[PDB]
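Enquirer: okay, here's the opening piece of the assembly, coordinates as they are in the complex:
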Amino acid sequence: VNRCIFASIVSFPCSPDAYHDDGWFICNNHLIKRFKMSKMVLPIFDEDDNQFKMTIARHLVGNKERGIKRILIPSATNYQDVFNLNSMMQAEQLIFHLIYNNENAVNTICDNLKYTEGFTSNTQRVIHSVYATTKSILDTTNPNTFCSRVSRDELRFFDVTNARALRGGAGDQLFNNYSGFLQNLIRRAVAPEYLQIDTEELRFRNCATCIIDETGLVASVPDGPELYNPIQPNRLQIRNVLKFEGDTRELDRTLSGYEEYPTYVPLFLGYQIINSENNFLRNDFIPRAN
Amino acid sequence: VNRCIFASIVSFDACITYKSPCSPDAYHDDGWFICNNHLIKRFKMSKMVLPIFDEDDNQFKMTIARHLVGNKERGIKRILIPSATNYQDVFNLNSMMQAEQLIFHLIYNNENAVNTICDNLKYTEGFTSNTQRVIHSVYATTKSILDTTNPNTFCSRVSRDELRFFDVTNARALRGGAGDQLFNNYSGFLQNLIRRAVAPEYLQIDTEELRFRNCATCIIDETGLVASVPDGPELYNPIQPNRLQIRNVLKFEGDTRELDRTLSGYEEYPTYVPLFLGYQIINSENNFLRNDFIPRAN
Amino acid sequence: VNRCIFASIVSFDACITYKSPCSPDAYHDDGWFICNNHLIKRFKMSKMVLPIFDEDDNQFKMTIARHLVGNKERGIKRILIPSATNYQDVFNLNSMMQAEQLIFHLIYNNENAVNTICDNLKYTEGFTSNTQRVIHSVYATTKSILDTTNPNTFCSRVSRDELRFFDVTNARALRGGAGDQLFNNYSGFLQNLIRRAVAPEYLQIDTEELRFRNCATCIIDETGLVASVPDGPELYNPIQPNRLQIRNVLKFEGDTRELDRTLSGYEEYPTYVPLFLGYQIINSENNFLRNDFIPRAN
């Protein structure tokens, strides 16, 4: 079973990791294509060799990109401007409008395709199949379902100012406006800076690599210049690549043996407070709301 | 496929291995979305087709329901499909299975009672492991049936070919009455159940006005779909192991053997009491004969 | 027979069959009324036997428990058998099974909580059949164990031959103390669990004092049976799937092979920390030699 929200794209490409029950409910191909992230894992090791894996995503925005180009997951207000939904297929636009709980756009999409000659046969069935798959995925990721296995186990705050007091900041209250699928995506992509398992607090990164804003999940550092992240057949595009001119074969041969530390920029932000009584090690992917 | 709205009824928590007791007609895609057994048990009706012949031999058949309420029944016992306000009083949902209660609360779009049903089973230990799967399967099946029936879904394949008004005093002017506006308060599934159960007195096809019955055998009121005639006494309609209920039947004592043999060779006219009410105007551009069950709205 | 108070554990929902994780030693009629594994899980201890030899070889063996709490644990984690006031906070009864909640609410005589436990399950459909019997069986077994332990039973074998005090300030005068008055507040099962798990500092068979240990390893306080020493730092005591909990494991990095091989055939003094507290006066007309369990009230 392809557990990808974008696996239902069909005229009116999923990586093999979509079939895995990772909990993202989106394939790495579609994550790269749409949300400018590639799924990774964060192996949290003991001082012994026992480990458990957490899912993180490395954003793929550049150093020079500014403005809406830095938004990873836009808010419901500005997701129209960020994504340019007109270019993508109408099924993709329906999926995106369902993801952001925009009912007016969904109704307009349904109304526009009602006037076509083929709507009655072999089209309405397809649109309803896409709608049903997207709605099932949303309900799986939505904690407000009829009988939802919501978890108060882990308290994931996206502001660390008052997080230790179990409170939240402005970014946390802006995070609640997101839908179930978007909240799950931000939880599975934006790793916590601190992981307060019971009393023990584990600081994974010194500073946050992303900030939740009114524009959405912004891949912008809180201060200073942005980090260096080096990354439609008929479309013409300009990349302005920062080419490195020089002979590096000798240097690469010299330093071959040593382990390579990745230059990726992962998403670390917020505070995670895992309660003493937890069921963290389950792979059923229950909604796990705050 | 078992397209029975009550086929999802299973024991929510107990592992009693309960099975849905509905006939093979559940598998048939007649547009009823309910069995004759389930209709008999709950809505006090039995599904029936109505052969509407031409003046030639060729025929097209319409669905109808034979209401089962007796002559002596009165008060809340006369209602077949209760309204959303008093469906709890009529049905006595407490005595039924929790799956049945959830299905009925979904049928009447009672979100508070559905949430209460979910909450009451949150405390049991089986909810985390097994009960949640069963409850969510029941919810998914019931919601799929409702959405297939509901004309206000995301992309609803609705048809305005026929204009079924349940008040005939002004339906000739293409305007319904108070009963029709009361009929709109019902959910989609109840609307389809009433349309498949209650047949019109007049089946107006283009200019033709085919009056099926003299007067109505059922009336839609704020109380619900009442199986009571508009005037006079009610029509004579002949009719849980641990329960002790009293029927007070009306039994003859005659021989009824030689008389039965005397006229047995002649075709018997059925004595059932089907539901007849409404004015189903049919447009000249109709698509009535198609059997894909397109949900219908007025 | 499996005379373990948690041997009656079972899933109330018949869909899941939960076997009791009960040690083989539970079937013994020692007088613990709790298995080794269950006392390891809750009331953190390991059931031990304390052989009190005579001056010659012949001996009588007593029962004592070793608290499994660590050196670093402080506050609530120190409590092994909590008081009836804060047993809900200490045990986190929400995460435990409903049978465990029932047993623990009966152990502390919290009638309101037990009534709540059956009130929550009274709503589900499965309560009437295959679950009422299960809950009643669990209640009957727990009540039988408690009544066997309860000295206030109808005709109980209450024995005053051995007096067990938990305050040693004035225990020689057969007088109790603050801890003993708190000990009387516990139910019968908790009193027997503490008596079988805690041994006196000063055994006083007849007029012969027998000081078991110099200083107490446990204290009975308002919080409950605390595994905290009277003064100074706590004693060094080395020590649920799908649950992620930190451990703070202390590890030894030495080779230890040569040192271990050096002392080959020398009897190993245990590092376990048993519960020693109180002053168990024994009367000249005692019947301690018996093997039939008795409540043993003051």
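Expert: Happy to help now that I have it. Numbers count the residues shown, from 1 in each chain, chains lettered A, B, ... in the order given.

Enquirer: now do the strands in the stretch 101-250 of chain A.
Expert: Assigned by DSSP state E, counting those that start in this stretch, the stretch 101-250 of chain A shows strands spanning A:154-157, A:194-197, A:200-203, A:211-213, A:216-218.

Enquirer: dump these to a markdown table, plus distance to chain C and mean neighbour count.
Expert: All C-beta spots, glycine's among them, are computed from the backbone N, C-alpha and C. Output for the strands of the stretch 101-250 of chain A, formatted as a markdown table (distance: least, C-beta to the nearest C-beta, whole Å; neighbours: other C-beta atoms under 10 Å in any protein chain shown):
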| stretch | distance to chain C | mean neighbour count |
| --- | --- | --- |
| strand A:154-157 | 10 | 21 |
| strand A:194-197 | 5 | 20 |
| strand A:200-203 | 4 | 13 |
| strand A:211-213 | 26 | 20 |
| strand A:216-218 | 26 | 24 |
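
Enquirer: in TSV: the ones you listed, plus distance to residue C:101.
Expert: TSV is the format used below for the strands of the stretch 101-250 of chain A (distance: least, C-beta to C-beta, whole Å):
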stretch	distance to residue C:101
strand A:154-157	24
strand A:194-197	26
strand A:200-203	29
strand A:211-213	40
strand A:216-218	42
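
Enquirer: centroid residue for chain A?
Expert: residue A:185 (3.9 Å; C-alpha atoms, centre = their mean).

Enquirer: still on that earlier bit, which one of the strands of the stretch 101-250 of chain A lies nearest to residue A:82?
Expert: Taking C-beta to C-beta, strand A:216-218 is the member of the strands of the stretch 101-250 of chain A nearest to residue A:82, at 7.0 Å.

Enquirer: could you check how many residues crowd around the closest residue to residue A:284 other than its chain neighbours?
Expert: Counting by C-beta to C-beta, 6 or more residues apart in numbering or on different chains, residue A:284 lies nearest to residue A:149, which is 7.8 Å off, once chain neighbours are set aside. Residue A:149 is flanked by 17 other residues according to other C-beta atoms under 10 Å in any protein chain shown.

Enquirer: check contacts around residue A:149.
Expert: The contact partners of residue A:149, taken as C-beta atoms under 8 Å, 6 or more residues apart in numbering or on different chains, are A:284, A:286-287, B:128, B:132.

Enquirer: try it again with 10 Å
Expert: Counting by C-beta atoms under 10 Å, 6 or more residues apart in numbering or on different chains, residue A:149 makes contact with A:140, A:143, A:284-288, B:122, B:127-128, B:132, B:136.

Enquirer: pull the most distant pair out of those residues.
Expert: Across the contacts of residue A:149, no pair lies farther apart than A:285 and B:122, at 19.6 Å, counting by C-beta to C-beta.

Enquirer: so does stretch A:48-67 get close to chain C?
Expert: Yes: using C-beta under 10 Å from any C-beta of the partner chain, we find that stretch A:48-67 touches chain C at A:48, A:50, A:52.

Enquirer: spit out the contact partners of the second one.
Expert: In this case it means residue A:50. Taking C-beta under 10 Å, 6+ apart, one finds A:44, C:247 in contact with residue A:50.

Enquirer: can you tell me the closest non-neighbouring residue to residue A:45?
Expert: Leaving aside its chain neighbours, residue A:45 sits nearest to residue A:51 (4.6 Å; criterion: C-beta to C-beta, 6+ apart).

Enquirer: chain B contacts on the stretch 51-200 of chain A?
Expert: A:94, A:98, A:103, A:106-107, A:109-111, A:113-114, A:119-121, A:123-128, A:130-132, A:134-136, A:139, A:145-149.

Enquirer: where do the helices sit along the stretch 51-200 of chain A?
Expert: Counting by DSSP state H, counting those that start in this stretch, the stretch 51-200 of chain A has helices at residues A:79-83, A:90-99, A:103-112, A:124-141, A:170-176, A:180-189.

Enquirer: also put chain D in, sequence below:
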Amino acid sequence: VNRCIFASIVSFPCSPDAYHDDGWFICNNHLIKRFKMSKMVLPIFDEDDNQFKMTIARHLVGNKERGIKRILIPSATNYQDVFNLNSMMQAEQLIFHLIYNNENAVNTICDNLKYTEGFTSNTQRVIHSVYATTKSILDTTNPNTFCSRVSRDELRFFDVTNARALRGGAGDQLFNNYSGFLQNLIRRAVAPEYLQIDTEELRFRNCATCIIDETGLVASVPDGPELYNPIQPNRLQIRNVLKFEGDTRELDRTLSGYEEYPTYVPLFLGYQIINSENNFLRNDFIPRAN
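Expert: That brings us to chain D, laid onto the chains above:
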């Protein structure tokens, strides 16, 4: 299994119907011996052949009996005077003091037996077996048990003045002071004067034969003279016995064929409302509180 309250009688006599699961929880032999009643079945016959059987008792007090001799099930206040518990076995006294919730008498019974030499050896095990059996039976018949299966489908009132409504009289109020076992005994013995299944009131008897007043359930007619009911070793009992001086042989010869209407005096009193939703045909023997 011998589901009889007095089956556990043993020094410190049950009919075969005790083994039957009837809900009486007392055999006919012990009913006659103690409560001056005998078990009977009242077959409630439908107009067509479909019958359900209802339990009933026939009191065995005579025409001339008066005072405490007319009391079938005495109240908790005066059951000592009626039963003369001193003559009975100590096990019988313990059973009766448990049945009437007299904890002080039970404790005194335990205290009297404590001083005996053999109390600890074997006698206490016997007394605890008796106590356990009696208490299990009481809890089975007690609607106020821990979380037993109490049913309110049947509303049985012993005062028909206002029993047509949900209210009750003083006789029903005095009936609540009874213990669980005595309540079940009266429910299974005192058949209703009226049975109302789904607003269909069936009058089994014109006028009552017993009254639940103070001093317990009394086998006395509400008005007029008493009805005519004809009914330990080495004990001299002088009882007045009626006698018919006639031959009474040819008269019995002539009237042989016809069915006999028994001269039994059954117990009919009160109004039993039965709800439309009920499980009256079950055999699980729920306590059936009002």
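
Enquirer: and the contacts of residue A:149, now that chain D is part of it?
Expert: A:140, A:143, A:284-288, B:122, B:127-128, B:132, B:136.

Enquirer: off-centre distance for stretch A:151-168?
Expert: Relative to the centre of its chain, stretch A:151-168 is centred 20 Å away, using C-alpha atoms, centre = their mean, to the nearest Å.

Enquirer: now stretch A:6-18
Expert: 16 Å.

Enquirer: what's the span of that stretch, first residue to last?
Expert: Stretch A:6-18 has its terminal residues 10 Å apart, counting by C-alpha to C-alpha, to the nearest Å.

Enquirer: still on that earlier bit, what sits against the residue nearest to the centre of chain A?
Expert: Per C-beta under 10 Å, 6+ apart, neighbours of residue A:185: A:5, A:23-26, A:31, A:35, A:37, A:57, A:72-73, A:99, A:141, A:178-179, A:217.

Enquirer: can you give me the neighbour number for residue A:152?
Expert: Close neighbours of residue A:152, defined as other C-beta under 10 Å, add up to 10.

Enquirer: residue A:96 contacts residue A:73, correct?
Expert: No: between residue A:96 and residue A:73 there is no contact under C-beta atoms under 10 Å: 11.3 Å.

Enquirer: identify the contacts common to these two.
Expert: A:34, A:79.

Enquirer: these two: who's more crowded?
Expert: Using other C-beta under 10 Å, the more surrounded residue of residue A:96 and residue A:73 is residue A:73, with 26 against 21.

Enquirer: show me what the more buried one is bridged to.
Expert: Beta bridges link residue A:73 to residue A:217 when assigned by DSSP bridges.

Enquirer: tell me the contacts of residue A:88?
Expert: Counting by C-beta under 10 Å, 6+ apart, residue A:88 makes contact with A:6, A:9, A:33-34, A:95-96, A:232.

Enquirer: and which of those residues is nearest chain B?
Expert: The closest of the contacts of residue A:88 to chain B turns out to be residue A:95 (C-beta to the nearest C-beta; 12.5 Å).

Enquirer: just give the nearest non-adjacent residue to the closest one, would you?
Expert: Closest residue in space to residue A:95, ignoring its immediate chain neighbours: residue A:134 at 5.3 Å, by C-beta to C-beta, 6+ apart.

Enquirer: that neighbour: neighbour count?
Expert: Burial of residue A:134 is recorded as 23 neighbouring residues (other C-beta under 10 Å).

Enquirer: residue A:181 is in contact with that one, correct?
Expert: Yes: using C-beta under 10 Å, residue A:134 is in contact with residue A:181, at 8.7 Å.

Enquirer: what touches both of the two?
Expert: Shared between the contact lists of residue A:134 and residue A:181 (criterion: C-beta under 10 Å, 6+ apart) are residues A:5, A:95, A:98-99.

Enquirer: can you put these in JSON lines and add neighbour count?
Expert: Converted to JSON lines, the shared contacts of residue A:134 and residue A:181 look like this (neighbours: other C-beta atoms under 10 Å in any protein chain shown):
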{"residue": "A:5", "neighbour count": "25"}
{"residue": "A:95", "neighbour count": "26"}
{"residue": "A:98", "neighbour count": "23"}
{"residue": "A:99", "neighbour count": "25"}
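
Enquirer: tell me, how many neighbours does residue A:87 end up with?
Expert: By other C-beta under 10 Å, neighbour count at residue A:87 equals 10.

Enquirer: then residue A:90?
Expert: 17.

Enquirer: quick one, what contacts it?
Expert: Under the criterion of C-beta under 10 Å, 6+ apart, the contact list for residue A:90 reads A:9, A:11-12, A:109, A:112-113, A:127, A:130.

Enquirer: now it: how far from chain D?
Expert: Going from residue A:90 to chain D by C-beta to the nearest C-beta, to the nearest Å gives 54 Å.
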